[PDB]
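Chains as they are written, first to last, in the deposited numbering: chain A, 59 to 172; chain B, 4 to 319; chain C, 4 to 319; chain D, 230 to 285. The C-beta atom is built at its ideal place from N, Cα and C for all residues, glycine as well. Worksheet for the structure shown next.
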Amino acid sequence: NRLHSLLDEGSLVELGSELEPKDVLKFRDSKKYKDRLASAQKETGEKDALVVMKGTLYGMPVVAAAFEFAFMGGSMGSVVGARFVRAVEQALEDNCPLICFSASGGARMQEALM
Amino acid sequence: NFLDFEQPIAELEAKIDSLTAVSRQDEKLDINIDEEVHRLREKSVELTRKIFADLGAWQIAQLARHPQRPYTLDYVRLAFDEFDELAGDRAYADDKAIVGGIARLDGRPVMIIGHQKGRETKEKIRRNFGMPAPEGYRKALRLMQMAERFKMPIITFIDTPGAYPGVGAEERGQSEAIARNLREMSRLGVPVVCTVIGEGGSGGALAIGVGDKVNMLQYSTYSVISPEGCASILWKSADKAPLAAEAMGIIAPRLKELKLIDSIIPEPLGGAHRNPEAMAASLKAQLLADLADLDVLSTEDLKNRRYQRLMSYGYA
Amino acid sequence: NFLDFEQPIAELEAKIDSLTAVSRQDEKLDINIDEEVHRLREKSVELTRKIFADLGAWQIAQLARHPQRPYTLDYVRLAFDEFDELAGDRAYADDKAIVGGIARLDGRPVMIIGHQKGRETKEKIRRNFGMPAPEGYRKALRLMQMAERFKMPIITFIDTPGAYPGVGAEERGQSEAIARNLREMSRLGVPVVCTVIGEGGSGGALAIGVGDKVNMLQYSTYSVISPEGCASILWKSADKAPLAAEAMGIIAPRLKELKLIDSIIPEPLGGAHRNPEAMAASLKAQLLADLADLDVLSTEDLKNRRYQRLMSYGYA
Amino acid sequence: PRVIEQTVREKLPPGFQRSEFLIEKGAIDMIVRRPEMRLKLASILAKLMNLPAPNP
Ligand SMILES: CC(=O)SCCNC(=O)CCNC(=O)[C@H](O)C(C)(C)COP(=O)(O)OP(=O)(O)OC[C@H]1O[C@@H](n2cnc3c(N)ncnc32)[C@H](O)[C@@H]1OP(=O)(O)O
């Protein structure tokens, strides 16, 4: 909704949609990190906290993104950074400002130092 | 002051001390000191292996916090010479939780940035338990820029509980300062090497740890969050810290397989604290080896390699 | 609130005000307002020339401090559009004694940095009488770097009594911040234009005034030290300020001959305060003309010319 | 705020870590309400990129 609100209509193009969590730390909390991963993914309808959608602003190309705080506190998971890199790379290859919105409670603990 | 599980080592040490007194205490007492010293040292050496063979991640964390250990000052003294300490951010204060300076390594000049918990209570409170307010990280950025400018390599030590969680620290752009630090260090035209001596992590540690190479002792924990914090938030308790430590993967070998750190520097038995000189020598050898195979690459190739390695972060 | 020597102008104004009331006050009073208004305005217009013809340097200083005048906010409003105010040094605070922002000048985008004394007592104390603590100058450096990065020209207004002489200002590297400001501004790859609207000087003013061109109103004083300070130190008194003003050469035409400033923008009669719109138009025309003959030169030639002009400073 | 509360074991200032407070303390540029946001970004970016101003 945020991305649609900012970007113009009909020019939206999602980026990094094939990137999904691939937990390897098998983090065993009170719940299993895979449990929370799947629960958030189905509850919010998004693979991870961050969404990226190339678009246009008043006829000017631009790249936007935002955090879905509902996703495990919107933590910056591996996919979050990977999509961030994807968006920045898109902005670099095609000359266009890049914008983002911040909403998170901290880095994704379950992935530890990753 | 040895830890709780180092007790058998202690009592044997406690018998050992009064051997000096019995040498010349009183009543003509000068016993055959050498025989008893040799036997008790033999037993103590045998027992430490009986004690440090069976330690795991929760212990490793305790050892990483042994209140008798070399801090960055100690490694500087025992592996560096002609050390000049630059103190001052140029903005609001110099911080005692970070100590930086310019020194020589086997003739070669280097920059040394790292934390200093202070030894006893007094130097611990004077240095804020190695917890840096942001002005410290601004100072570290300033020094790192200076080192970059004059074609000088950077050696960084990392031993911090974390960025200070206080009113003064938050007011002055803590997040902003650390963000800038993480931005500049990823563009310097000089090689960067960063150890994980002692206890470090919690992000603020990364402010001076983004380099070509990364190294860690065998009893040093590098956790995005202290085990106690992870326990409180997730386990809903504090006593369950060891489970958090086991799960997170804060121990060096666990991290080593993760392609996160480039080498582990083995410790003297019983912890580096028992032989600080040996640990300093090992660290100096590792640092020199790291610098050697690094100087071959040119500055542009150095930065390109640094960027590429960063991108390898995360399974994605 | 007109100055002491603007009294004859005042009393004539004082008769003029109640003309509005007499128009519809009471008792059917609606007199032939137009005739009296025309005659009194004629007399007032004639008298101001009788008053502002014979003012000299001590007065100029008083007029430069007229407590009814356009500050940088006023010139922004009356000559700039689409103004966006960026507040924040990123370190410790944003300062109210400096206001910066990014706006458009006749379509063209520009950066505007300058001071704001505040109009009345409340906005004067909230902005510290246009006296900037160093964090303000760090903010100004940050904005100037931003403007340089995106091939954007910089327009700067200068209206400051001086850098704040206070504990907080000295503690935070006042000297250091101003030194850095004076260093960076002399390397930007974008043209720089700087007026001297209002009262400015005392070095701290120079923090945002090192550019390709310099311009000053006809009643604006630019003194390395306020006249009162020079009087106290040298004359051994304060009352002898006018002599200090006469000696120093703080008036625009006196400075103009010194090759220090590139143009004087003429004022509306009686001071720019009587016709702020006319002054804003004159300033906008001068700024546009300055930018025009400046954009022809390339960035490298721009910086070379800037450096060469600096070296012309001082008779040596 | 919980971590800082336990650490400093005191009362945090009112408005702690609030945008109306972190613009007071220099870390925050400008406070924009959501409805303007798209125009505010559009105008600022059209300026910085040096493009002609957007049409309302
Ligand atoms: C060290 C780090 O970087 S992570 C440490 C945790 N974060 C912090 O210390 C910073 C802020 N701390 C917080 O508790 C919050 O983010 C606050 C202060 C903004 C409060 O926001 P709240 O409205 O309380 O949100 P809350 O913390 O409940 O977040 C919602 C959910 O996200 C989860 N979450 C948030 N951040 C994280 C994180 N970094 N890792 C894992 N889960 C997280 C919470 O567990 C919670 O899950 P639950 O509702 O199913 O129990």
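Name the chain B residues whose beta carbon is nearer than 7 Å to that of residue i?
{"i": "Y95(C)", "result": "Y95 and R175"}
Going along the chain, which residues of its own chain have a beta-carbon closer than 6 Å to the beta-carbon of residue i, five neighbours each way excluded?
{"i": "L66(B)", "result": "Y222 and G274"}
{"i": "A244(B)", "result": "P230, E231 and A234"}
Mind pulling the chain D residues with CB within less than 8 Å of residue i?
{"i": "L61(A)", "result": "In chain order: nothing, as chain D lies at least about 11 Å away."}
{"i": "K154(C)", "result": "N279"}
Can you name the residues of chain D whose CB is closer than 7 Å to the CB of residue i?
{"i": "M130(A)", "result": "Near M130(A) there are no residues of chain D at all, since even the closest Cβ is about 18 Å away, more than 7 Å."}
If the cut is a Cβ gap below 9 Å, which residues of chain C does residue i touch?
{"i": "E179(B)", "result": "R93 and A94"}
Nearer than 7 Å: is that true of the beta carbon of residue i relative to any heavy atom of ligand 1?
{"i": "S235(B)", "result": "no"}
{"i": "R247(D)", "result": "no"}
{"i": "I181(B)", "result": "no"}
{"i": "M172(A)", "result": "no"}
{"i": "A247(C)", "result": "no"}
{"i": "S178(B)", "result": "no"}
{"i": "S133(A)", "result": "yes"}
{"i": "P230(D)", "result": "yes"}
{"i": "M130(A)", "result": "yes"}
{"i": "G163(A)", "result": "yes"}
{"i": "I264(B)", "result": "no"}
{"i": "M282(B)", "result": "no"}
{"i": "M314(B)", "result": "no"}
{"i": "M188(B)", "result": "no"}
{"i": "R166(A)", "result": "yes"}
{"i": "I63(B)", "result": "no"}
{"i": "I233(D)", "result": "no"}
Taking the continuous beta strand (DSSP E) assigned at residue i, which residues delimit it?
{"i": "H118(C)", "result": "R111 to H118"}
{"i": "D87(C)", "result": "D84 to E88"}
{"i": "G104(B)", "result": "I101 to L108"}
{"i": "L15(C)", "result": "Taken as a continuous stretch (DSSP letters only), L15(C) belongs to no beta strand (DSSP E), being part of the alpha helix (DSSP H) at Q10 to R27."}
{"i": "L220(B)", "result": "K216 to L220"}
{"i": "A123(A)", "result": "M118 to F125"}
Here's a check: name, in chain order, each residue in its chain whose Cβ is nearer than 7 Å to the Cβ of residue i, leaving out the five neighbours to either side.
{"i": "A60(B)", "result": "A248, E249, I253 and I254"}
{"i": "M282(B)", "result": "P73, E270, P271 and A275"}
{"i": "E138(B)", "result": "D92, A94, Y95, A96, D98 and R175"}
{"i": "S162(A)", "result": "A107, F125, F127, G131, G132, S133 and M134"}
{"i": "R68(B)", "result": "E202"}
{"i": "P112(C)", "result": "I105 and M155"}
{"i": "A13(C)", "result": "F5"}
{"i": "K259(B)", "result": "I267"}
{"i": "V213(C)", "result": "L185, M188 and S189"}
{"i": "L144(C)", "result": "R183, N184 and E187"}
By the DSSP assignment, the alpha helix (DSSP H) with residue i in it spans what residues?
{"i": "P137(C)", "result": "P137 to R152"}
{"i": "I158(C)", "result": "Unbroken run through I158(C) is the beta strand (DSSP E), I157 to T159; no alpha helix (DSSP H)."}
{"i": "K254(D)", "result": "Looking at the DSSP string, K254(D) is not in any alpha helix (DSSP H), and its letter there is neither H nor E."}
{"i": "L66(C)", "result": "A60 to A67"}
{"i": "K287(C)", "result": "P279 to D298"}
{"i": "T236(D)", "result": "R231 to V237"}
{"i": "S97(A)", "result": "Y91 to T102"}
{"i": "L277(D)", "result": "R263 to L277"}
Residues of chain D with a CB under 9 Å from the CB of residue i: which are they?
{"i": "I115(C)", "result": "Residues of chain D passing the Cβ test: none, with the nearest at roughly 12 Å."}
{"i": "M118(A)", "result": "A271, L274, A275, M278, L280 and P283"}
{"i": "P79(A)", "result": "Within 9 Å Cβ-Cβ: nothing; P79(A) doesn't reach chain D, min ~27 Å."}
Tell me which same chain residues have a C-beta within less than 8 Å of the C-beta of residue i, skipping the five on either side of it?
{"i": "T302(C)", "result": "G192 and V193"}
{"i": "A100(C)", "result": "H118, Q119, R130, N131, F132, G133, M134, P135, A136, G139, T163 and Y167"}
{"i": "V71(A)", "result": "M111, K112 and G113"}
For a contact meaning CB atoms closer than 9 Å, what does residue i contact in chain B?
{"i": "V232(D)", "result": "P168 and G232"}
Name the chain A residues whose beta carbon is nearer than 8 Å to that of residue i?
{"i": "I12(B)", "result": "Those do not exist, as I12(B) stays about 32 Å from chain A at its closest Cβ, beyond 8 Å."}
{"i": "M188(B)", "result": "Those do not exist, as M188(B) stays about 17 Å from chain A at its closest Cβ, beyond 8 Å."}
{"i": "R267(D)", "result": "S63, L64 and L115"}
{"i": "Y318(B)", "result": "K80, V82, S136 and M172"}
So which residues of chain B does residue i contact, with C-beta pairs closer than 8 Å?
{"i": "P242(D)", "result": "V170"}
{"i": "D87(A)", "result": "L237, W238 and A250"}
{"i": "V143(A)", "result": "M314"}
Using only the heavy atoms of ligand 2, determine whether one of them is closer than 7 Å to the beta carbon of residue i.
{"i": "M259(D)", "result": "Inclusion of ligand 2 in the displayed structure is not the case, the ligand content consisting of ligand 1 alone."}
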